[PDB]
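Q: Structure below; questions to follow.
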Amino acid sequence: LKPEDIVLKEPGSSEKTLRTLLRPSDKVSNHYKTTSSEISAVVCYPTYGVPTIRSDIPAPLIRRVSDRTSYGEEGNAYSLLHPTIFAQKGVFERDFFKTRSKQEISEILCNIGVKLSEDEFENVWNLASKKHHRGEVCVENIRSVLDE
Amino acid sequence: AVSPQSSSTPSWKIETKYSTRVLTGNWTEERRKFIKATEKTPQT
Amino acid sequence: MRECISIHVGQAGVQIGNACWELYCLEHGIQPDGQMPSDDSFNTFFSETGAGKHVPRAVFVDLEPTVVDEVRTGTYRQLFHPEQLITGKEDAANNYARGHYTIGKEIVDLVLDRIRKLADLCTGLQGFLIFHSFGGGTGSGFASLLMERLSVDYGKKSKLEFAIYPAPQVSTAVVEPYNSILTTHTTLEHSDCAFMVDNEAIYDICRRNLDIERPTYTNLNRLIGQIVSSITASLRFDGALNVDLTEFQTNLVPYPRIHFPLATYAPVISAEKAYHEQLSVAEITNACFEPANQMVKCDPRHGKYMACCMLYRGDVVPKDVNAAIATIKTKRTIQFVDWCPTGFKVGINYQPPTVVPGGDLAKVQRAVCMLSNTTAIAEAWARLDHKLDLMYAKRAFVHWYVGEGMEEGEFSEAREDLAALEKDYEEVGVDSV
Amino acid sequence: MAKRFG
Amino acid sequence: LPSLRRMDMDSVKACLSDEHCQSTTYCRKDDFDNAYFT
Amino acid sequence: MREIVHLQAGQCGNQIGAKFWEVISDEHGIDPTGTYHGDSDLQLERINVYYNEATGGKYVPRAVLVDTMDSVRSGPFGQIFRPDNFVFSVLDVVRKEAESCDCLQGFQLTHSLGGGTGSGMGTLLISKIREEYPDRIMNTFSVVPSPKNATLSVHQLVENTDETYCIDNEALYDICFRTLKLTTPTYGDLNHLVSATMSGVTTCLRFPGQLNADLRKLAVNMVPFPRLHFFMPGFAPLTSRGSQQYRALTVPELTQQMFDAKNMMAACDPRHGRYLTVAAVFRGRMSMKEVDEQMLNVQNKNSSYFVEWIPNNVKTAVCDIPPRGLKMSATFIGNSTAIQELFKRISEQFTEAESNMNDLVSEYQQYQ
Amino acid sequence: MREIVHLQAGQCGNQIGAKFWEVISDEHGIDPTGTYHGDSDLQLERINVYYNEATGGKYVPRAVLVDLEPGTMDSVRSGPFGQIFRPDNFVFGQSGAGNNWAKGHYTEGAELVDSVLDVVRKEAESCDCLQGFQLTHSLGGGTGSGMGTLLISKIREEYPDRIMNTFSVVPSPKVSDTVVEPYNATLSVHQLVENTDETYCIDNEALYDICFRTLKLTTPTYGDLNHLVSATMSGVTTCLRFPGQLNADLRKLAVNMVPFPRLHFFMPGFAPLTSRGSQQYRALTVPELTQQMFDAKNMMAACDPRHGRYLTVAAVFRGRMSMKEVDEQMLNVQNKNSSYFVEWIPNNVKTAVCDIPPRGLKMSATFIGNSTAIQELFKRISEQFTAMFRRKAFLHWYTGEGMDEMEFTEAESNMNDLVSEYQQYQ
Ligand SMILES: Nc1nc2c(ncn2[C@@H]2O[C@H](COP(=O)(O)OP(=O)(O)OP(=O)(O)O)[C@@H](O)[C@H]2O)c(=O)[nH]1
Ligand SMILES: Nc1nc2c(ncn2[C@@H]2O[C@H](COP(=O)(O)OP(=O)(O)O)[C@@H](O)[C@H]2O)c(=O)[nH]1
Ligand SMILES: Nc1nc2c(ncn2[C@@H]2O[C@H](COP(=O)(O)OP(=O)(O)O)[C@@H](O)[C@H]2O)c(=O)[nH]1
Ligand SMILES: [Mg+2]
């Protein structure tokens with residue numbers, strides 16, 4: 001039977017209950033909303049424009065004389081005022097982030113003078129492939145696994 | 001001469017009582033209840 | 001600890017306040033119920049309480065209730081304080097008299113008291129931001145009485161106005177040219193500087209730049225909120241050359257009756273248009289000097305720039321700012337007065353502007369907000385004073401005014417004050433010898 | 001307009 | 001480590017030096033011990 | 001905050017007010033036995049403007065009816081009223097209703113100008129309640145006789161009301177014959193139309209919008225001199241049954257059916273006259289650019305028929321709730337110096353009322 | 001640790017003590033059945049101050065309820081906290097006083113007082129050491145004004161060294177519901193002065209005033225006023241029950257407030273009262289309590305302190321607070337307006353700081369003020385009494401109960417001496 005199931009509602013804000021009210025054929029919910037509902041942004045989009053550093057276009061190899069756009073390959077004044085040994089004799093950030101074959105890395109590491117063993121070289125190569133998303137290792141990555 | 005109050009604060013004047021949803025007087029306060037803030041007893 | 005107090009009086013004040021505080025809660029992460037899910041830059045506009053709730057530093061005051069009950073019943077009911085949503089009991093009726101002598105007198109004490117309680121909790125408060133109109137009764141009467149009742153209390157603190165100036169060709173009411181002159185007569189002696197922005201000019205901006213047909217007030221209020229957030233970007237977010245609220249007075253107004261600068265927002269563009277063109281620093285500031293991108297309908301080709309001030313915001317470095325301002329200066333089309341050879345002010349922030357979900361604007365990387373003090377504003381005052389000269393010539397609409405605390409002599413003295421301003425604005429335009 | 005006879 | 005503006009925010013509220021960021025921090029002594037550079 | 005006391009006077013004023021209460025109880029959603037039925041929260045927000053409640057939520061209107069009376073109670077919403085307001089001591093009940101109010105905004109009057117009840121009893125009622133309460137606005141909806149009794153009421157009406165409208169029932173017949181295509185226009189349909197246009201000026205009182213304007217804002221915005229308050233109502237979106245879906249419900253069509261002449265509610269051609277001022281209060285979802293553009297384009301091109309010495313003749317108000325069924329609607333009120341064309345016809349058909357009408361006509365004449 | 005015996009005389013006293021025991025059981029964690037359901041171990045050590053110990057781990061309040069009719073005791077036995085009280089502590093008469101002070105003091109309020117004395121000796125002897133007694137009554141009635149003063153006039157002669165404290169509901173100027181009210185108001189201050197150590201004057205008009213301008217209650221009841229004065233009552237014995245940095249019982253305040261044995265009339269107040277909408281939004285700091293705890297609108301007595309001058313001022317604070325900013329603020333308030341404090345005494349303000357706020361509140365403070373502005377309260381009761389006494393109106397109800405005419409003049413003389421003595425500090 002159950003003459004009342006869920007129909008007991010509070011009319012205003014008090015604690016006493018009233019039955020549920022009916023409405024045939026005059027509902028105006030769709031047409032009685034307000035302008036103030038438009039301001040309802042409550043706490044995805046692409047960002048539009050050029051960056052000043054402009055690091056998303058590919059780097060040039062032979063730099064033109066008429067080119068003004070930066071790419072981030074030009075260092076700050078910390079680099080051009082106090083260069084490192086790498087900077088002061090020619091090698092830069094690019095050649096430390098260039099993928100090398102295991103033959104190239106093996107000759108690299110032998111020519112430096114650390115004389116790794118075969119299993120130790122395999123462990124170093126596995127860790128260096130482990131830190132990359134795909135496995136393209138670089139000499140910076142080799143130094144990073146060699147530091148510890 | 002006192003700190004000025006709102007135009008809808010309860011006074012001794014006989015106003016007409018309305019429902020809680022029609023915005024006539026002191027409805028902003030009447031729609032809410034008194035609520036406890038903390039239920040944790042502080043230590044010494 | 002850089003605090004700002006925002007007072008929005010009038011219906012034009014409170015709709016703009018709704019848009020502005022929506023953008024403000026969007027900039028930080030303030031939820032509509034007052035919570036901070038990420039638990040420093042927010043305290044400028046958000047006082048923190050002891051229960052983890054952030055109440056805003058806003059005072060909403062209006063004489064008719066309705067538009068404030070919309071705030072009390074809308075989506076932001078639990079953000080705003082119930083006590084700083086000050087409401088009147090009945091309307092000001094587009095009348096200076098009712099907003100300045102009869103009805104504003106009974107309720108100036110509550111808003112003054114609440115402003116004092118707001119400023120007592122602050123430590124490094126910078127100043128006030130007044131949001132009001134010129135064609136209203138409570139937007140022009142109560143605001144003009146608020147300014148002179150706030151100058152006596154606080155004094156040496158910045159009082160900056162964001163005003164809805166009357167439109168050149170279009171209008172809303174009839175008696176607006178009365179109670180715009182009559183409130184700009186009282187404003188001049190108690191306002192530090194007053195930014196004013198039109199409404200029909202924003203209509204033309206939305207039609208011509210965002211390709212949007214039939215804009216509602218939400219679009220104009222959102223662009224105004226973007227300006228207002230960009231003008232207080234220095235206090236919240238650290239940049240390279242921070243420009244706090246005190247710098248606006250010493251850099252814009254040279255003479256205390258010439259404190260009316262313009263306002264403009266340059267990268268007004270849609271998502272479809274922004275993908276099809278690059279937004280460099282060398283062209284975004286060039287859009288600011290276009291007469292058609294100004295948000296007040298006035299023509300600067302017969303108006304001499306006198307004090308300029310951009311607030312850059314986003315991925316900007318100072319070098320192309322120099323390289324763009326330099327090539328802006330050399331062009332003969334824009335004319336500066338001889339005695340202001342510097343004529344420029346640069347501020348840089350490190351935080352790019354945010355985008356509103358469901359809004360009209362596009363998320364970009366760099367934006368500016370240029371506040372121009374020009375001699376071309378005197379063209380608007382001339383055509384606005386001509387309306388008072390025509391209507392008062394045979395005593396139209398005066399009977400509604402003098403019967404509510406006004407006097408017949410207040411028309412002539414404000415008329416002669418605006419005549420004094422309309423002779424003052426040309427001595428800054430002559431060429432010196 | 002719309003006049004009166006129109 | 002706490003920013004100065006945060007220090008003023010915490011001074012505005014009446015925190016009794018046990019909720020203040022002046023005298024309390026979340027890092028333990030081991031965080032201070034291993035906070036060298038070489 | 002802003003309450004309205006409604007006064008029905010005369011014979012036709014009772015019908016006009018009763019079917020005004022038809023409309024007002026209709027779009028507020030009020031059951032004829034008194035109770036409210038519940039969908040939204042915007043209906044029961046500002047019912048203190050026109051209703052005060054009894055116990056149990058039964059809303060009775062703030063109306064007192066004075067003259068027929070038995071035919072009102074036999075109508076659809078005839079039981080909405082309190083029986084003690086059947087006054088047929090009017091001063092006593094209206095002052096009790098004003099005393100129970102919070103802060104009164106004005107009075108609404110419905111009556112006629114062509115009989116011994118609206119002109120005789122009602123104008124004395126206005127003269128009494130204006131003297132008792134001089135700081136309010138007297139809204140009087142007046143049915144005028146056709147230009148193609150009245151003199152004895154207008155000469156005392158001019159000193160009191162400061163806010164009045166002429167109805168001109170032949171113009172309502174012109175509506176229902178020309179622009180509606182209704183073969184059998186009942187009196188009920190005519191004063192249903194005038195109730196719809198009379199509830200169209202009190203919309204900002206009861207519903208939020210984007211540009212609110214009460215009756216006092218209209219009173220200051222269309223009265224330039226304290227005697228010229230004779231207005232000329234209208235109601236635009238009225239189309240035939242055979243032209244229902246042939247309409248693009250837009251701002252342009254609403255503007256054209258504003259400023260046309262047959263839609264207006266006076267038997268006067270506005271070309272001899274000039275519009276001193278215009279108020280077009282809009283209801284619904286209008287983009288304000290479109291209202292903004294078409295509230296001055298009419299001024300820019302039709303400039304030979306707008307008055308000089310006012311830089312802006314129009315007044316715009318926008319609500320957010322349209323009437324039933326329709327989505328965009330708006331109401332016209334306007335001051336024109338074509339009103340005197342009616343009074344020149346009335347004056348041709350004791351001495352002080354004739355002299356006052358002549359002076360009023362000459363006052364309307366010199367501004368044109 | 002020192003226990004307090006609570007006595008409830010009259011209908012108003014019974015209702016006000018019902019709400020006082022409800023707030024006490026709320027803040028001590030006692031259910032209506034009498035057991036213990038609180039979480040802290042710090043709510044149970046000092047429960048002997050107000051509650052006795054029964055079998056089964058249940059507690060009974062140390063309260064005595066007194067009335068001349070059983071009308072309100074049946075209503076207090078069926079309330080939300082009715083069954084917690086003891087049945088033997090219900091002593092009631094058969095015939096009501098009928099708002100007559102004379103028969104409530106001499107004829108029919110004098111044979112019932114032996115049973116009340118027996119029950120007070122019964123429970124005041126079971127305790128180890130007793131501090132004193134609290135009395136809750138109304139001066140404008142006949143039960144709590146006659147019997148409520150006969151109880152005072154019989155307790156002092158048995159326990160002279162104990163503290164006698166009263167929370168008297170004095171008549172209000174405007175909202176007065178009794179015609180014979182000034183007579184019983186006058187005849188009670190006659191023996192309310194030389195027979196008690198502390199008296200707090202709480203007015204119903206001032207409580208309605210607090211409920212209107214502060215709590216913003218448009219339809220207040222007597223329950224809300226009772227809750228306000230119950231929160232005040234709980235705030236003056238907090239250092240007895242809870243530990244703190246600087247504790248102060250009622251003997252502390254009796255020493256620290258009254259300068260002379262006849263000047264013991266105070267005015268209470270409660271600091272953290274805020275509206276419903278602005279309850280979550282108000283920062284609870286010590287300056288916020290200090291600013292409005294000294295406010296004129298936060299007065300439970302209907303006399304403005306700006307008319308008078310403050311002799312001594314108390315301040316009992318609750319919560320985890322810093323006591324540099326109570327000394328700083330309570331010297332700041334003394335130095336800002338120095339014309340509102342008597343200058344022949346160096347300071348005027350006593351500070352007490354407890355550690356535990358009331359449940360649901362972050363911080364709290366209770367105000368007790370000894371002012372010369374309370375002499376306005378006896379300058380209106382006197383004028384009404386001498387206005388009604390000339391025309392011998394409503395006098396035959398008193399003279400038929402064994403009262404002569406001259407006790408009225410002697411009581412008026414003592415009340416004029418009270419008014420004139422408070423005049424000399426102004
Ligand atoms: N840009 C912008 N302008 C607005 C907005 N709301 C109102 N206005 C302008 O405000 C003008 C009229 O405002 P007011 O007359 O001051 O309305 P009010 O603030 O209620 O003042 P009163 O009418 O006297 O009570 C109109 O001409 C509009 O152009 C808004 O949200 N944005
Ligand atoms: N709403 C409505 N108006 C009516 C009705 N009958 C007549 N009218 C109007 O009332 C006017 C005449 O009323 P009038 O003669 O002055 O009534 P009287 O005052 O009793 O003499 C006519 O112009 C009609 O416009 C009706 O049934 N309903
Ligand atoms: N504040 C407050 N006052 C009360 C309450 N109940 C009664 N009173 C006051 O007590 C006065 C009458 O007290 P009365 O009934 O004569 O006490 P009696 O001596 O026991 O008869 C009235 O003026 C009331 O204002 C209450 O619950 N709270
Ligand atoms: Mg308005």
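Chain labels follow the order of the structure tokens: the first chain is A, the next B, and so on; residue numbering restarts at 1 in every chain, and ligands are counted from 1 in their shown order.
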Using only C-alpha atoms, tabulate the residues of chain C lying at most 6 Å from any atom of chain F, each with its closest atom pair and that distance in Å to one decimal, by chain and increasing residue number, as JSON lines.

A:
```
{"residue": "C:89", "atom": "CA", "partner": "F:1", "partner_atom": "CA", "distance": 5.3}
{"residue": "C:90", "atom": "CA", "partner": "F:1", "partner_atom": "CA", "distance": 5.9}
{"residue": "C:93", "atom": "CA", "partner": "F:217", "partner_atom": "CA", "distance": 4.5}
{"residue": "C:172", "atom": "CA", "partner": "F:315", "partner_atom": "CA", "distance": 5.5}
{"residue": "C:173", "atom": "CA", "partner": "F:315", "partner_atom": "CA", "distance": 4.9}
{"residue": "C:174", "atom": "CA", "partner": "F:312", "partner_atom": "CA", "distance": 5.6}
{"residue": "C:214", "atom": "CA", "partner": "F:287", "partner_atom": "CA", "distance": 5.5}
{"residue": "C:215", "atom": "CA", "partner": "F:287", "partner_atom": "CA", "distance": 5.9}
{"residue": "C:216", "atom": "CA", "partner": "F:287", "partner_atom": "CA", "distance": 4.8}
{"residue": "C:390", "atom": "CA", "partner": "F:309", "partner_atom": "CA", "distance": 5.6}
{"residue": "C:391", "atom": "CA", "partner": "F:309", "partner_atom": "CA", "distance": 5.6}
{"residue": "C:396", "atom": "CA", "partner": "F:224", "partner_atom": "CA", "distance": 5.4}
{"residue": "C:397", "atom": "CA", "partner": "F:224", "partner_atom": "CA", "distance": 4.3}
```

Q: Restricting the output to C-alpha atoms, write the selected residues as a CSV table (one decimal), in the first residue's frame.

A:
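Saved the output as selection_27.csv:
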```csv
chain,number,residue,atom,x,y,z
C,89,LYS,CA,15.3,49.1,0.5
C,90,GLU,CA,14.1,51.0,-2.6
C,93,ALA,CA,15.4,56.2,-9.8
C,172,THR,CA,19.8,54.1,-22.2
C,173,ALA,CA,18.0,56.8,-20.1
C,174,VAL,CA,17.0,60.4,-20.8
C,214,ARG,CA,24.6,40.0,-30.8
C,215,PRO,CA,26.7,40.2,-27.7
C,216,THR,CA,25.0,40.2,-24.3
C,390,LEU,CA,20.3,72.1,-24.6
C,391,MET,CA,18.1,70.3,-21.9
C,396,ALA,CA,13.5,70.2,-18.6
C,397,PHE,CA,13.3,67.5,-15.9
```

Q: Give as a PyMOL selection string the residues surrounding ligand 2 up to a distance of 10 Å, considering only C-alpha atoms and all ligand atoms.

A: chain F and resi 9-20+67-68+110-122+142-146+149-150+167-170+172-173+186-195

Q: I'd like the neighbourhood of residue 14 (chain E) as JSON, numbers by chain, where a residue qualifies if any of its atoms comes within 12 Å (using only C-alpha atoms), though same-chain residues fewer than 5 positions away should be ignored.

A: {"C": [48, 49, 50, 121], "E": [8, 9, 19, 20], "G": [283, 284, 285, 286, 287, 288, 320, 321, 322, 323, 324, 325, 362, 363]}

Q: Only N, CA and C atoms, please: the residues just picked out, written as a PDB file, in the first residue's frame.

A:
```
ATOM      1  N   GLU C  48      41.826  35.202   4.205  1.00  0.00           N
ATOM      2  CA  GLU C  48      41.757  33.830   4.680  1.00  0.00           C
ATOM      3  C   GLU C  48      41.254  33.820   6.119  1.00  0.00           C
ATOM      4  N   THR C  49      40.270  32.970   6.392  1.00  0.00           N
ATOM      5  CA  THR C  49      39.708  32.838   7.724  1.00  0.00           C
ATOM      6  C   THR C  49      40.339  31.635   8.423  1.00  0.00           C
ATOM      7  N   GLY C  50      39.860  31.337   9.629  1.00  0.00           N
ATOM      8  CA  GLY C  50      40.436  30.262  10.415  1.00  0.00           C
ATOM      9  C   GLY C  50      39.922  28.875  10.103  1.00  0.00           C
ATOM     10  N   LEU C 121      41.672  44.746   8.925  1.00  0.00           N
ATOM     11  CA  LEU C 121      42.360  43.462   8.877  1.00  0.00           C
ATOM     12  C   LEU C 121      43.573  43.480   7.957  1.00  0.00           C
TER      13      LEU C 121
ATOM     14  N   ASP E   8      53.562  37.065   6.519  1.00  0.00           N
ATOM     15  CA  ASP E   8      52.609  38.102   6.893  1.00  0.00           C
ATOM     16  C   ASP E   8      51.186  37.566   6.948  1.00  0.00           C
ATOM     17  N   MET E   9      50.829  36.656   6.029  1.00  0.00           N
ATOM     18  CA  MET E   9      49.513  36.019   6.094  1.00  0.00           C
ATOM     19  C   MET E   9      49.357  35.248   7.381  1.00  0.00           C
ATOM     20  N   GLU E  19      51.214  26.831  15.051  1.00  0.00           N
ATOM     21  CA  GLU E  19      50.723  26.783  13.689  1.00  0.00           C
ATOM     22  C   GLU E  19      51.451  27.773  12.793  1.00  0.00           C
ATOM     23  N   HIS E  20      52.300  28.628  13.363  1.00  0.00           N
ATOM     24  CA  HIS E  20      53.002  29.609  12.558  1.00  0.00           C
ATOM     25  C   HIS E  20      54.083  28.935  11.720  1.00  0.00           C
TER      26      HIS E  20
ATOM     27  N   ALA G 283      36.396  35.968  11.688  1.00  0.00           N
ATOM     28  CA  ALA G 283      37.629  35.489  12.297  1.00  0.00           C
ATOM     29  C   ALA G 283      37.522  35.602  13.811  1.00  0.00           C
ATOM     30  N   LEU G 284      37.745  34.489  14.508  1.00  0.00           N
ATOM     31  CA  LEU G 284      37.659  34.457  15.966  1.00  0.00           C
ATOM     32  C   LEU G 284      39.040  34.744  16.537  1.00  0.00           C
ATOM     33  N   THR G 285      39.333  36.026  16.725  1.00  0.00           N
ATOM     34  CA  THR G 285      40.571  36.469  17.343  1.00  0.00           C
ATOM     35  C   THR G 285      40.256  37.163  18.662  1.00  0.00           C
ATOM     36  N   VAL G 286      41.289  37.295  19.500  1.00  0.00           N
ATOM     37  CA  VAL G 286      41.118  37.978  20.789  1.00  0.00           C
ATOM     38  C   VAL G 286      40.710  39.440  20.648  1.00  0.00           C
ATOM     39  N   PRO G 287      41.238  40.241  19.697  1.00  0.00           N
ATOM     40  CA  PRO G 287      40.642  41.577  19.493  1.00  0.00           C
ATOM     41  C   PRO G 287      39.165  41.554  19.133  1.00  0.00           C
ATOM     42  N   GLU G 288      38.700  40.536  18.404  1.00  0.00           N
ATOM     43  CA  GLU G 288      37.280  40.452  18.074  1.00  0.00           C
ATOM     44  C   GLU G 288      36.431  40.212  19.317  1.00  0.00           C
ATOM     45  N   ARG G 320      42.616  28.138  23.401  1.00  0.00           N
ATOM     46  CA  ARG G 320      44.072  28.171  23.286  1.00  0.00           C
ATOM     47  C   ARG G 320      44.449  29.565  22.809  1.00  0.00           C
ATOM     48  N   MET G 321      44.850  30.422  23.743  1.00  0.00           N
ATOM     49  CA  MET G 321      45.072  31.828  23.449  1.00  0.00           C
ATOM     50  C   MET G 321      46.430  32.267  23.980  1.00  0.00           C
ATOM     51  N   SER G 322      46.866  33.438  23.526  1.00  0.00           N
ATOM     52  CA  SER G 322      48.152  34.016  23.887  1.00  0.00           C
ATOM     53  C   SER G 322      47.907  35.184  24.827  1.00  0.00           C
ATOM     54  N   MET G 323      48.608  35.234  25.941  1.00  0.00           N
ATOM     55  CA  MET G 323      48.208  36.206  26.936  1.00  0.00           C
ATOM     56  C   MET G 323      49.044  37.477  26.899  1.00  0.00           C
ATOM     57  N   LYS G 324      49.835  37.673  25.846  1.00  0.00           N
ATOM     58  CA  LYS G 324      50.316  39.023  25.582  1.00  0.00           C
ATOM     59  C   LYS G 324      49.203  39.888  25.001  1.00  0.00           C
ATOM     60  N   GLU G 325      48.348  39.301  24.166  1.00  0.00           N
ATOM     61  CA  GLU G 325      47.298  40.045  23.486  1.00  0.00           C
ATOM     62  C   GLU G 325      45.976  40.051  24.243  1.00  0.00           C
ATOM     63  N   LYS G 362      35.569  28.095  18.651  1.00  0.00           N
ATOM     64  CA  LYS G 362      37.027  28.120  18.677  1.00  0.00           C
ATOM     65  C   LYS G 362      37.539  28.853  19.913  1.00  0.00           C
ATOM     66  N   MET G 363      36.979  30.028  20.201  1.00  0.00           N
ATOM     67  CA  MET G 363      37.333  30.815  21.373  1.00  0.00           C
ATOM     68  C   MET G 363      36.069  31.408  21.976  1.00  0.00           C
TER      69      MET G 363
END
```

Q: Would you list the contacts of region 318-320 of chain C as a ChimeraX atom specification, taking every protein, DNA or RNA residue within 10 Å and counting only C-alpha atoms, but skipping same-chain residues closer than 6 positions in sequence?

A: /A:52 /C:240-241,280-282,312,326,346-348

Q: Please, which residues have at least one atom within 8 Å of an atom of ligand 1, using only C-alpha atoms and all ligand atoms, listed as a PyMOL selection string?

A: (chain C and resi 9-16+62-64+91-95+99+132-140+164+166-167+171-173+197-199+202+217-218+220-221+224) or (chain F and resi 210-213+217)

Q: Just list the residues in region 103-307 of chain F DSSP gives helix (DSSP H, G or I) on the backbone, as an MDAnalysis selection string.

A: chainID F and resid 118:132 151:157 169:178 187:198 203:206 215:221 241:243 251:259 288:294 297:301

Q: Just the number, please: distance in Å from CA of residue 17 (chain B) to CA of residue 36 (chain F), one decimal.

A: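 Separating CA of residue 17 (chain B) from CA of residue 36 (chain F) is a distance of 17.2 Å.
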
Q: Using only C-alpha atoms, I'd like every residue of chain B that has an atom within 10 Å of chain G; please write them out as a PyMOL selection string.

A: chain B and resi 2-3+5-6+8-12+17+25-44

Q: Output the selection as a PDB file, in the first residue's frame - C-alpha atoms for each residue.

A:
```pdb
ATOM      1  CA  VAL B   2      25.464  53.489  17.493  1.00  0.00           C
ATOM      2  CA  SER B   3      27.181  51.233  14.960  1.00  0.00           C
ATOM      3  CA  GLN B   5      22.752  48.205  11.318  1.00  0.00           C
ATOM      4  CA  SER B   6      21.118  46.742   8.237  1.00  0.00           C
ATOM      5  CA  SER B   8      16.341  44.297   7.620  1.00  0.00           C
ATOM      6  CA  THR B   9      17.621  43.475  11.113  1.00  0.00           C
ATOM      7  CA  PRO B  10      14.892  42.408  13.576  1.00  0.00           C
ATOM      8  CA  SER B  11      13.495  45.363  15.507  1.00  0.00           C
ATOM      9  CA  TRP B  12      10.544  45.754  17.860  1.00  0.00           C
ATOM     10  CA  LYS B  17       5.526  37.667   8.582  1.00  0.00           C
ATOM     11  CA  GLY B  25      13.056  40.779   5.407  1.00  0.00           C
ATOM     12  CA  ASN B  26      15.855  38.851   7.160  1.00  0.00           C
ATOM     13  CA  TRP B  27      15.513  35.988   4.668  1.00  0.00           C
ATOM     14  CA  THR B  28      19.286  35.721   4.166  1.00  0.00           C
ATOM     15  CA  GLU B  29      19.707  34.784   7.831  1.00  0.00           C
ATOM     16  CA  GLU B  30      16.493  32.791   8.206  1.00  0.00           C
ATOM     17  CA  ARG B  31      17.215  30.290   5.425  1.00  0.00           C
ATOM     18  CA  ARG B  32      20.298  29.026   7.311  1.00  0.00           C
ATOM     19  CA  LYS B  33      20.575  27.213  10.642  1.00  0.00           C
ATOM     20  CA  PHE B  34      23.039  27.352  13.505  1.00  0.00           C
ATOM     21  CA  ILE B  35      25.861  24.870  12.952  1.00  0.00           C
ATOM     22  CA  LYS B  36      28.765  23.666  15.059  1.00  0.00           C
ATOM     23  CA  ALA B  37      32.231  24.407  13.677  1.00  0.00           C
ATOM     24  CA  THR B  38      34.500  21.918  15.476  1.00  0.00           C
ATOM     25  CA  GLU B  39      33.567  18.595  17.079  1.00  0.00           C
ATOM     26  CA  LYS B  40      37.085  17.904  18.401  1.00  0.00           C
ATOM     27  CA  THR B  41      37.869  18.709  22.019  1.00  0.00           C
ATOM     28  CA  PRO B  42      41.185  20.582  22.337  1.00  0.00           C
ATOM     29  CA  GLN B  43      43.867  19.268  24.636  1.00  0.00           C
ATOM     30  CA  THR B  44      45.447  21.374  27.348  1.00  0.00           C
TER      31      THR B  44
END
```

Q: Find the distance between CA of residue 357 (chain C) and CA of residue 239 (chain C) and write it in Å to one decimal.

A: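 Pair CA of residue 357 (chain C) / CA of residue 239 (chain C) returns 25.8 Å.
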
Q: I'd like the neighbourhood of residue 75 (chain A) as a PyMOL selection string, where a residue qualifies if any of its atoms comes within 12 Å (using only C-alpha atoms), though same-chain residues fewer than 2 positions away should be ignored.

A: chain A and resi 53+70-73+77-84+87+92-94

Q: So which residues are near ligand 3, meaning at most 6 Å away with only C-alpha atoms and all ligand atoms counted, given back as a ChimeraX atom specification?

A: /G:10-12,15-16,99,138,140-145,176-177,204,222,225-226

Q: Please list as a PyMOL selection string every residue within 7 Å of region 229-231 of chain G, counting only C-alpha atoms and excluding residues in the same chain fewer than 2 positions away.

A: chain G and resi 19-20+23+225-227+233-235
